[PDB]
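Shown next: model-v5.cif, containing mmCIF, C-alpha atoms and all ligand atoms.
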data_coords
#
loop_
_atom_site.label_atom_id
_atom_site.label_comp_id
_atom_site.auth_asym_id
_atom_site.auth_seq_id
_atom_site.Cartn_x
_atom_site.Cartn_y
_atom_site.Cartn_z
CA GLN Y 127 6.23 25.39 -12.76
CA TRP Y 128 2.67 24.06 -12.95
CA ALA Y 129 -0.27 25.70 -11.20
CA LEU Y 130 -3.93 24.73 -10.79
CA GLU Y 131 -5.00 26.69 -13.87
CA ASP Y 132 -2.98 24.48 -16.17
CA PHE Y 133 -5.61 21.78 -15.56
CA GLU Y 134 -9.16 20.88 -16.32
CA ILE Y 135 -10.79 19.11 -13.37
CA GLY Y 136 -13.21 16.17 -13.66
CA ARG Y 137 -14.90 14.01 -11.04
CA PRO Y 138 -13.29 13.11 -7.75
CA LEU Y 139 -11.82 9.61 -8.19
CA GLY Y 140 -11.45 9.33 -4.45
CA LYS Y 141 -11.94 11.28 -1.26
CA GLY Y 142 -9.61 10.82 1.69
CA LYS Y 143 -9.07 12.74 4.92
CA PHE Y 144 -6.37 15.20 3.76
CA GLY Y 145 -8.09 15.84 0.42
CA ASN Y 146 -9.26 14.39 -2.89
CA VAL Y 147 -7.83 12.90 -6.05
CA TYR Y 148 -9.50 14.36 -9.15
CA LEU Y 149 -9.48 13.12 -12.71
CA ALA Y 150 -7.73 15.97 -14.50
CA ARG Y 151 -6.12 16.75 -17.85
CA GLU Y 152 -3.47 19.32 -18.70
CA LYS Y 153 -4.95 22.22 -20.66
CA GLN Y 154 -2.72 22.12 -23.73
CA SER Y 155 -1.74 18.54 -24.55
CA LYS Y 156 -5.18 17.48 -23.36
CA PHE Y 157 -3.28 14.68 -21.60
CA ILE Y 158 -5.24 12.92 -18.88
CA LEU Y 159 -3.89 12.41 -15.38
CA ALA Y 160 -4.88 12.33 -11.73
CA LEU Y 161 -4.66 15.42 -9.56
CA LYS Y 162 -4.19 14.71 -5.88
CA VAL Y 163 -5.23 17.55 -3.60
CA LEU Y 164 -3.98 17.74 0.00
CA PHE Y 165 -5.56 20.48 2.20
CA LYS Y 166 -2.50 21.15 4.43
CA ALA Y 167 -4.31 22.71 7.34
CA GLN Y 168 -5.21 19.04 7.51
CA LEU Y 169 -1.54 18.23 7.22
CA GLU Y 170 -0.50 20.46 10.12
CA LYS Y 171 -2.45 18.72 12.85
CA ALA Y 172 -1.42 15.23 11.65
CA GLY Y 173 2.09 16.62 12.11
CA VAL Y 174 2.94 15.85 8.52
CA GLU Y 175 4.48 18.57 6.39
CA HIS Y 176 7.72 19.69 4.71
CA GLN Y 177 9.03 16.28 5.85
CA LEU Y 178 6.59 14.94 3.26
CA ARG Y 179 7.79 17.53 0.80
CA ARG Y 180 11.29 16.11 1.23
CA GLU Y 181 9.53 12.78 0.78
CA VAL Y 182 7.75 13.43 -2.54
CA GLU Y 183 11.24 13.67 -4.02
CA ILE Y 184 11.37 9.91 -3.43
CA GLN Y 185 8.22 8.88 -5.25
CA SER Y 186 9.34 11.34 -7.90
CA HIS Y 187 12.46 9.32 -8.62
CA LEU Y 188 10.67 5.99 -8.58
CA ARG Y 189 9.96 4.83 -12.13
CA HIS Y 190 8.51 1.39 -12.78
CA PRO Y 191 5.50 -0.04 -14.65
CA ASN Y 192 4.01 -1.45 -11.49
CA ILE Y 193 4.39 1.77 -9.45
CA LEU Y 194 2.17 4.83 -9.99
CA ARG Y 195 4.37 7.63 -11.34
CA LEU Y 196 4.35 11.04 -9.66
CA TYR Y 197 4.89 13.36 -12.57
CA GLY Y 198 5.21 16.56 -10.51
CA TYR Y 199 3.86 18.77 -7.72
CA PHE Y 200 3.10 22.32 -6.76
CA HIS Y 201 1.25 24.10 -3.97
CA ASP Y 202 -0.56 27.38 -3.70
CA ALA Y 203 -1.46 28.65 -0.23
CA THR Y 204 -4.03 26.30 1.21
CA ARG Y 205 -3.36 23.12 -0.83
CA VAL Y 206 -0.70 20.75 -2.03
CA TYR Y 207 -0.98 19.28 -5.50
CA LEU Y 208 0.48 16.03 -6.67
CA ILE Y 209 0.34 15.49 -10.41
CA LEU Y 210 -0.01 11.73 -10.79
CA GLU Y 211 -0.25 9.15 -13.55
CA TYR Y 212 -3.88 8.19 -14.09
CA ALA Y 213 -4.99 4.56 -13.70
CA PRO Y 214 -8.16 3.86 -15.70
CA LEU Y 215 -9.41 0.69 -13.98
CA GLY Y 216 -9.13 1.92 -10.43
CA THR Y 217 -8.51 -0.32 -7.47
CA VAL Y 218 -7.90 -4.03 -7.18
CA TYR Y 219 -10.18 -3.64 -4.19
CA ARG Y 220 -13.33 -2.74 -6.16
CA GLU Y 221 -12.42 -5.47 -8.57
CA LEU Y 222 -12.27 -7.98 -5.72
CA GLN Y 223 -15.61 -6.61 -4.62
CA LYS Y 224 -16.92 -7.48 -8.06
CA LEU Y 225 -15.30 -10.92 -8.49
CA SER Y 226 -15.64 -11.81 -4.78
CA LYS Y 227 -12.36 -13.71 -5.10
CA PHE Y 228 -9.74 -14.09 -7.79
CA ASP Y 229 -8.40 -17.22 -9.46
CA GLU Y 230 -4.82 -18.41 -9.40
CA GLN Y 231 -4.10 -17.07 -12.83
CA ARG Y 232 -4.53 -13.48 -11.76
CA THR Y 233 -3.30 -13.85 -8.17
CA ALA Y 234 0.16 -15.20 -9.11
CA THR Y 235 0.23 -12.55 -11.79
CA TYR Y 236 -0.69 -9.70 -9.40
CA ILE Y 237 1.71 -11.27 -6.89
CA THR Y 238 4.50 -11.17 -9.46
CA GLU Y 239 3.89 -7.50 -10.35
CA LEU Y 240 3.96 -6.64 -6.66
CA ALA Y 241 7.18 -8.53 -5.96
CA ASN Y 242 8.74 -6.81 -8.97
CA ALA Y 243 7.52 -3.44 -7.73
CA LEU Y 244 8.99 -3.87 -4.22
CA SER Y 245 12.33 -5.43 -5.42
CA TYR Y 246 12.76 -2.24 -7.39
CA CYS Y 247 11.67 -0.13 -4.43
CA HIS Y 248 14.08 -1.91 -2.11
CA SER Y 249 16.97 -1.35 -4.44
CA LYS Y 250 16.19 2.36 -4.12
CA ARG Y 251 16.22 2.06 -0.33
CA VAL Y 252 12.45 2.30 -0.14
CA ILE Y 253 10.56 -0.15 2.06
CA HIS Y 254 7.22 -0.67 3.73
CA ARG Y 255 5.07 0.27 0.76
CA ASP Y 256 1.33 0.15 1.66
CA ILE Y 257 0.14 -2.88 -0.30
CA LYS Y 258 -3.56 -3.08 0.74
CA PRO Y 259 -6.05 -3.74 -2.10
CA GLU Y 260 -7.49 -0.19 -1.89
CA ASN Y 261 -3.98 1.25 -2.55
CA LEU Y 262 -3.44 -0.87 -5.59
CA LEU Y 263 -4.57 0.51 -8.90
CA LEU Y 264 -5.18 -1.02 -12.28
CA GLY Y 265 -3.46 0.62 -15.25
CA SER Y 266 -4.30 0.74 -18.95
CA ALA Y 267 -5.12 -2.86 -19.92
CA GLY Y 268 -4.36 -5.15 -16.96
CA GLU Y 269 -1.38 -3.90 -15.01
CA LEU Y 270 -0.90 -3.45 -11.32
CA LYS Y 271 0.43 -0.20 -9.95
CA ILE Y 272 1.19 0.36 -6.30
CA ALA Y 273 -0.47 3.69 -5.62
CA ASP Y 274 0.74 3.97 -2.05
CA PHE Y 275 2.00 7.48 -1.44
CA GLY Y 276 -0.46 10.15 -0.47
CA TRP Y 277 -2.45 8.58 2.38
CA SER Y 278 -5.57 6.65 1.70
CA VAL Y 279 -8.21 8.01 -0.66
CA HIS Y 280 -11.41 5.99 -1.08
CA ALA Y 281 -13.73 5.68 -4.09
CA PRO Y 282 -17.38 5.55 -2.92
CA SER Y 283 -18.43 2.01 -1.84
CA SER Y 284 -18.51 -0.47 1.10
CA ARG Y 285 -19.15 0.77 4.68
CA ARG Y 286 -18.28 -2.62 6.24
CA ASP Y 287 -14.51 -2.38 6.17
CA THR Y 288 -14.08 1.37 6.46
CA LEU Y 289 -11.83 1.00 9.43
CA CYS Y 290 -11.23 -2.49 10.78
CA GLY Y 291 -9.56 -2.97 7.39
CA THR Y 292 -6.37 -1.26 8.58
CA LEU Y 293 -4.86 -3.81 10.99
CA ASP Y 294 -5.41 -6.76 8.72
CA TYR Y 295 -2.26 -6.02 6.66
CA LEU Y 296 0.24 -5.21 9.47
CA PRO Y 297 2.77 -7.92 10.53
CA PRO Y 298 3.37 -8.61 14.25
CA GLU Y 299 6.61 -6.55 14.42
CA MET Y 300 4.98 -3.45 13.22
CA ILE Y 301 1.82 -3.60 15.39
CA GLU Y 302 3.81 -4.71 18.45
CA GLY Y 303 5.53 -1.38 18.44
CA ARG Y 304 8.83 -3.04 17.93
CA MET Y 305 11.05 -1.63 15.22
CA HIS Y 306 10.26 -2.38 11.61
CA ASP Y 307 12.70 -3.39 8.87
CA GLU Y 308 12.61 -4.14 5.13
CA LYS Y 309 11.05 -7.61 5.67
CA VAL Y 310 7.71 -6.05 6.60
CA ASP Y 311 6.69 -6.04 2.92
CA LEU Y 312 6.93 -9.79 2.49
CA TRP Y 313 4.30 -10.33 5.19
CA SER Y 314 1.92 -8.13 3.21
CA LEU Y 315 2.33 -10.24 0.01
CA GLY Y 316 1.26 -13.19 2.04
CA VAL Y 317 -1.82 -11.30 3.25
CA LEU Y 318 -2.68 -10.16 -0.25
CA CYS Y 319 -2.18 -13.57 -1.78
CA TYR Y 320 -4.55 -15.09 0.72
CA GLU Y 321 -7.10 -12.30 0.10
CA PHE Y 322 -6.81 -12.50 -3.68
CA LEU Y 323 -7.51 -16.23 -3.45
CA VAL Y 324 -9.90 -16.13 -0.51
CA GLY Y 325 -11.73 -12.84 -0.85
CA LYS Y 326 -10.99 -12.17 2.80
CA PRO Y 327 -7.80 -11.46 4.73
CA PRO Y 328 -6.26 -14.36 6.74
CA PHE Y 329 -6.76 -12.51 10.05
CA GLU Y 330 -10.16 -10.86 9.67
CA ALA Y 331 -12.14 -10.73 12.91
CA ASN Y 332 -15.01 -8.90 14.66
CA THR Y 333 -12.74 -6.98 17.05
CA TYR Y 334 -9.33 -5.33 16.86
CA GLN Y 335 -8.20 -7.28 19.90
CA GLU Y 336 -9.05 -10.59 18.26
CA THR Y 337 -7.49 -9.60 14.94
CA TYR Y 338 -4.40 -8.44 16.72
CA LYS Y 339 -4.42 -11.73 18.55
CA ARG Y 340 -4.62 -13.80 15.36
CA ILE Y 341 -1.83 -11.81 13.73
CA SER Y 342 0.50 -11.94 16.76
CA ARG Y 343 0.09 -15.67 17.06
CA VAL Y 344 -0.16 -16.23 13.31
CA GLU Y 345 -3.42 -18.04 13.63
CA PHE Y 346 -5.06 -18.40 10.22
CA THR Y 347 -6.46 -21.29 8.18
CA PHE Y 348 -7.43 -22.12 4.56
CA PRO Y 349 -10.77 -22.88 2.97
CA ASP Y 350 -10.45 -26.26 1.21
CA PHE Y 351 -10.40 -24.86 -2.33
CA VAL Y 352 -6.97 -23.29 -1.88
CA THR Y 353 -4.38 -25.30 -3.75
CA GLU Y 354 -1.40 -26.45 -1.84
CA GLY Y 355 1.34 -24.65 -3.73
CA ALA Y 356 -0.75 -21.65 -2.76
CA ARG Y 357 -0.67 -22.79 0.90
CA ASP Y 358 3.02 -23.28 0.66
CA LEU Y 359 3.50 -19.81 -0.72
CA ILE Y 360 1.35 -18.03 1.87
CA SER Y 361 2.58 -20.16 4.75
CA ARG Y 362 6.13 -19.14 3.99
CA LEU Y 363 5.26 -15.48 3.64
CA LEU Y 364 3.56 -15.25 6.98
CA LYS Y 365 6.21 -16.13 9.57
CA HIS Y 366 6.22 -14.39 12.93
CA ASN Y 367 10.01 -14.29 12.57
CA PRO Y 368 10.87 -11.86 9.85
CA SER Y 369 14.08 -13.78 8.98
CA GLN Y 370 12.03 -16.85 8.04
CA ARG Y 371 10.30 -14.88 5.29
CA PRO Y 372 11.83 -15.28 1.80
CA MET Y 373 13.75 -12.73 -0.16
CA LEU Y 374 11.64 -11.26 -2.94
CA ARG Y 375 13.24 -13.40 -5.67
CA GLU Y 376 12.19 -16.70 -4.08
CA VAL Y 377 8.65 -15.43 -4.35
CA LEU Y 378 9.09 -14.85 -8.05
CA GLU Y 379 10.72 -18.32 -8.36
CA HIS Y 380 8.21 -20.12 -6.24
CA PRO Y 381 6.93 -23.03 -8.36
CA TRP Y 382 3.33 -21.92 -7.76
CA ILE Y 383 4.08 -18.37 -8.93
CA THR Y 384 6.02 -19.57 -11.98
CA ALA Y 385 3.30 -22.13 -12.76
CA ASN Y 386 0.16 -19.95 -12.67
CA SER Y 387 1.06 -16.44 -13.81
CA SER Y 388 -0.79 -15.45 -16.99
CA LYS Y 389 2.55 -13.64 -17.28
CL1 LIG B 401 -5.17 5.17 -4.84
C1 LIG B 401 -6.84 5.56 -5.05
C2 LIG B 401 -7.82 4.81 -4.46
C3 LIG B 401 -9.15 5.15 -4.66
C4 LIG B 401 -9.48 6.24 -5.46
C5 LIG B 401 -8.48 6.99 -6.06
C6 LIG B 401 -7.16 6.65 -5.84
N1 LIG B 401 -6.09 7.41 -6.42
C7 LIG B 401 -5.83 7.26 -7.81
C8 LIG B 401 -4.61 7.69 -8.34
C9 LIG B 401 -4.40 7.53 -9.71
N2 LIG B 401 -5.38 6.97 -10.44
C10 LIG B 401 -6.53 6.60 -9.90
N3 LIG B 401 -7.48 6.01 -10.77
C11 LIG B 401 -8.82 5.66 -10.45
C12 LIG B 401 -9.65 5.37 -11.53
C13 LIG B 401 -10.97 5.02 -11.33
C14 LIG B 401 -11.44 4.96 -10.03
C15 LIG B 401 -12.86 4.57 -9.84
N4 LIG B 401 -13.31 3.33 -9.52
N5 LIG B 401 -14.67 3.39 -9.45
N6 LIG B 401 -15.05 4.66 -9.73
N7 LIG B 401 -13.93 5.40 -9.98
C16 LIG B 401 -10.62 5.23 -8.94
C17 LIG B 401 -9.29 5.59 -9.15
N8 LIG B 401 -6.78 6.72 -8.60
#

Hey, can you dump this file as structure tokens for me?
Amino acid sequence: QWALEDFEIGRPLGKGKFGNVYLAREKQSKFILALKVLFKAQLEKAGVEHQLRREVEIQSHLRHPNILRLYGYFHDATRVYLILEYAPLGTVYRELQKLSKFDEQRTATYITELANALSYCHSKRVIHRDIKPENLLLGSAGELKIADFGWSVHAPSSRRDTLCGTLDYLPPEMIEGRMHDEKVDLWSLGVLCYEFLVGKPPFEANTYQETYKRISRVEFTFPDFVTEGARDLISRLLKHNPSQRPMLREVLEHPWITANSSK
């Protein structure tokens, strides 16, 4: 069983509330990875604990090119340690900060990786992955890996959406404190797709009340430059009624997806 001293530690890749993710490499094989460090006196108060340690078993069994792999974990006394696959390009979020908005080539391609990721997840009885741009990492050359998992680490940047970025990705069901089911995740794709193409989420607003309002009532529009197979796609992803949202495969089929993916 691994322990901290099997690792060299590099810079923090991100700092969240429960702890940091550090660039690390195992001492022998000199293999590079990411070491996620969770304080755990932090985890008490949030009421999150050994129920998460039953949970890490899940992400441990998930294997897929578009999902960040959790190689292993250990703890000591004061800290929990997740040994994760390292993603060299970082977050689609910084990238969107750089490019301001993406083009259709990448979007449909990112959208396809995502839909593949979640289809896999679903089949494992795993739903409601956090799909926000800051939780999405870029692997070796181009690939998209859902980082999800360990609760929201940031790499230094921004200060506009710090919070007020949260709400933008939640469908009505889930904010309305109704139940949530496996269709949640299809609403997210629609929010991503719009943000990839637009460089802002469909529902962005100055206040939480207003955002909430726009989500609840599905009030969002398109700048003119958005192509109309792209409208069709988004429009069909964001449906107040979950049941009117497609299964994941339709997404993959959708004639705009199939058209524009560099893959
Ligand atoms: Cl999910 C996440 C978001 C922000 C920061 C760190 C993480 N966690 C992980 C997990 C596995 N790999 C990585 N890779 C990574 C690589 C580079 C950077 C970065 N961008 N700009 N400066 N450093 C961030 C994360 N992050």

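When all atoms listed in the file are used to compute distances to ligand LIG 401 (chain B), the closest of the residues Y:341, Y:373, Y:164, Y:210 turns out to be Y:210.
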
For this session: Please write out the residues within 8 Å of ligand LIG 401 (chain B) as an MDAnalysis selection string, counting only C-alpha atoms and all ligand atoms.
Result: chainID Y and resid 138:141 147 149 159:162 194 210:217 220 260:264 273:274 278:282

Exercise. Near residue 232 (chain Y), counting only C-alpha atoms, which residues have an atom at most 12 Å away, once you skip same-chain residues fewer than 6 positions from it, shown as a PyMOL selection string?
Worked result: chain Y and resi 218+221-222+225+238-239+268-270+319+322-323+383+385-389

Problem set entry | Near-residue 301 (chain Y) list (12 Å; only C-alpha atoms; drop same-chain fewer than 4 positions) as number ranges by chain | Y: 292-297, 305-306, 310, 334-335, 337-339, 341-342, 366

Seminar exercise, completed: Closest of Y:277, Y:223, Y:200, Y:192 to residue 174 (chain Y), counting only C-alpha atoms, is Y:277

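For the residues Y:173, Y:324, Y:350, Y:312, ranking by smallest atom-to-atom distance to residue 364 (chain Y) using all atoms listed in the file places Y:312 first.
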
Exercise. Skipping near chain neighbours, those fewer than 6 positions away, what residues fall within 9 Å of residue 253 (chain Y) using all atoms listed in the file, listed as a PyMOL selection string?
Worked result: chain Y and resi 244+247+307-311

Keeping only C-alpha atoms, write the selected residues to a file as a compact mmCIF listing (two decimals), in the frame of the given file.
# COMPACT_ATOMS: atom_id res chain seq x y z
CA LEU Y 244 8.99 -3.87 -4.22
CA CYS Y 247 11.67 -0.13 -4.43
CA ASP Y 307 12.70 -3.39 8.87
CA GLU Y 308 12.61 -4.14 5.13
CA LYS Y 309 11.05 -7.61 5.67
CA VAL Y 310 7.71 -6.05 6.60
CA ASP Y 311 6.69 -6.04 2.92

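Summary of the local environment: counting all atoms listed in the file, residues at most 12 Å from residue 186 (chain Y), other than itself and those fewer than 6 positions away along its chain, are residues 179, 180, 193, 194, 195, 196, 197, 198, 199, 208, 209, 210, 211, 250 and 275 of chain Y.
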
Problem set entry | Polymer residues at most 8 Å from residue 134 (chain Y), all atoms listed in the file, same-chain spacing of 4 or more positions, as number ranges by chain | Y: 150-153

Exercise. What is the distance between CA of residue 189 (chain Y) and CA of residue 243 (chain Y), in Å to one decimal?
Worked result: 9.7 Å

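The interatomic distance for the pair CA of residue 285 (chain Y) and CA of residue 272 (chain Y) works out to 23.1 Å.
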
Seminar exercise, completed: Counting all atoms listed in the file, closest pick from Y:133, Y:144, Y:382, Y:236 relative to residue 206 (chain Y) is Y:144

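Nearest to residue 291 (chain Y) of all the residues Y:252, Y:227, Y:219, Y:316 is Y:219, counting only C-alpha atoms.
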
Seminar exercise, completed: In Å and to one decimal, CA of residue 255 (chain Y) is distant from CA of residue 374 (chain Y) by 13.8 Å
